[PDB]
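Shown next, in structure tokens, is the structure this report addresses.
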Amino acid sequence: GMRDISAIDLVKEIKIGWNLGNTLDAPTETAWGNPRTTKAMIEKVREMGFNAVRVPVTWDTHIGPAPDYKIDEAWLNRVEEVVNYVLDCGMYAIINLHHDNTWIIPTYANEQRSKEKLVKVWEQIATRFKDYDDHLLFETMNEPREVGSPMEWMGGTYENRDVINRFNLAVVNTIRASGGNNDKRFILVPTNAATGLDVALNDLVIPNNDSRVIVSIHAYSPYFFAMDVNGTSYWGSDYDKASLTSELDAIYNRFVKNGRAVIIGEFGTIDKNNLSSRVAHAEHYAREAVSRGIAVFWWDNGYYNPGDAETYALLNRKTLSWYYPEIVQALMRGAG
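Listed below in structure tokens is the structure:
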């Protein structure tokens, strides 16, 4: 089930993906308004041209007490069931550990406590999925960071980034020792908050220089157009186009060009009654990333309410239709 394929070629194959957002990353699958996931939803995702689904998973409340930190089996089974929805559709799948920043605390004081817990949780996760083929990928952590800290969303301190390297190392060794195909499974790792900021990336170290490790970056660029409800609603100027291109070149010249694969696991825009800008923005984003060998995954939290904050949804899950197929088609145009 494990091809002789380099990470760089695997990521080119992945190309364009979709996040099952606000779902298993929620305290319970339906807690943030999304319906219980079905294979039918995933099929629609595949039907539109996506080649991969990222399945963010928050484990927090399903984790038993120390010292064993046993994961509730029912939760782990459900995670496995949804992963199979994706794989059965012939798509790639990524699972992670998402909003677990409550117990994953990247400071020197809390390093050993988190790391030990991080090791015992990943042992169980890696083990359950050890026999899956190379279409399943593990992402060590989502957006590891010191929550509530001054530098939280600005790359963190060296302390933060330093600890995160060891968290990653511990998870990577743990996966690699868990048997089955885990010696050869591809693994995504981020630095603080999965930022793409260059001076932060300076301190990222690839665990064991493992050749099947992929840089994980999240980039909702440009921030004001994409995330901020009070930001501008237009995107499309010559400056907008040159800007993201220059951002990708930085990523391409630093990693890809030298044989390190990169996945942009999250990007997207909210609904600001500005379809035309979103459609243009979406196409340029996929074209430029994929022409650089970078795979991109849209953030879809299932939330639709035009003009409101956090309105990233493309798929209408309860009705199996698309709110904005125009955006989906734009992505596909770009990825080619």
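Mapping of the sequence shown onto mature numbering (1 follows the signal peptide of the UniProt record, and there is no 0): position 195 corresponds to residue 211, and the numbering continues sequentially without gaps.
Every residue gets a Cβ at the ideal spot worked out from N, C-alpha and C, and that includes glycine.
Residue i CB to nearest heavy atom of the ligand NAP below 8 Å
i	result
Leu103	No copy of the ligand NAP occurs in the structure displayed, which carries no ligand at all.
When the options are compared against residue i, the one with the closest alpha-carbon
i	options	result
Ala186	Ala56, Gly164, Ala346 and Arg129	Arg129
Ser293	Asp256, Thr261 and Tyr319	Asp256
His115	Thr77, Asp150, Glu97 and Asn100	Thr77
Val306	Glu326, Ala329 and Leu264	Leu264
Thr248	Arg19, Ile79, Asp214 and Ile286	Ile286
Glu162	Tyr174, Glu155 and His151	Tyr174
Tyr301	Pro238, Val98, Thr44 and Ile87	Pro238
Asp199	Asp147, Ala235 and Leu40	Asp147
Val102	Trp338, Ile222, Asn117 and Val61	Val61
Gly17	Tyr236, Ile233 and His151	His151
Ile233	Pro223, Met243, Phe283 and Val137	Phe283
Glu96	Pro223, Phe145, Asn197 and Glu63	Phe145
Backbone CA spacing between residue i and residue j [nearest angstrom]
i	j	result
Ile230	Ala209	16 Å
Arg303	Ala109	22 Å
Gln140	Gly195	12 Å
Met348	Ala82	46 Å
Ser262	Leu220	21 Å
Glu299	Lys131	40 Å
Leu260	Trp34	20 Å
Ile191	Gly350	34 Å
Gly65	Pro166	40 Å
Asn274	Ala266	12 Å
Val179	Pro122	5 Å
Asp149	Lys55	20 Å
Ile203	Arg228	7 Å
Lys133	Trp119	8 Å
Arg177	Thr335	43 Å
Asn50	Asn332	10 Å
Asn181	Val27	22 Å
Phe154	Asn225	17 Å
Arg19	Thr207	28 Å
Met107	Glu59	10 Å
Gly252	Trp315	21 Å
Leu217	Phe183	16 Å
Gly164	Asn126	15 Å
Helix, strand or coil at residue i according to DSSP, with G and I counted as helix
i	result
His300	helix
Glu127	helix
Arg182	helix
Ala68	strand
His234	strand
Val245	coil
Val295	helix
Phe240	helix
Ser262	helix
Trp138	helix
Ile203	strand
Residue i - partner residues in DSSP beta bridges
i	result
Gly195	Answer is none; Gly195 lacks a bridge partner.
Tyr108	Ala68
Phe283	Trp314
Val278	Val231
residue 430	No information on residue 430 is available, as it lies outside the stretch 17 to 352 that the chain covers here.
Does the region 69-87 come within contact of the region 337-350, defined as at least 3 CB pairs closer than 8 Å?
no
Evaluate contact between the region 320-331 and the region 262-273, counting only Cβ atoms and requiring at least three cross-stretch pairs below 8 Å.
no
Given 8 Å, three or more beta-carbon pairs between the region 303-313 and the region 272-284
Because the criterion of three Cβ pairs below 8 Å is met, the region 303-313 and the region 272-284 touch.
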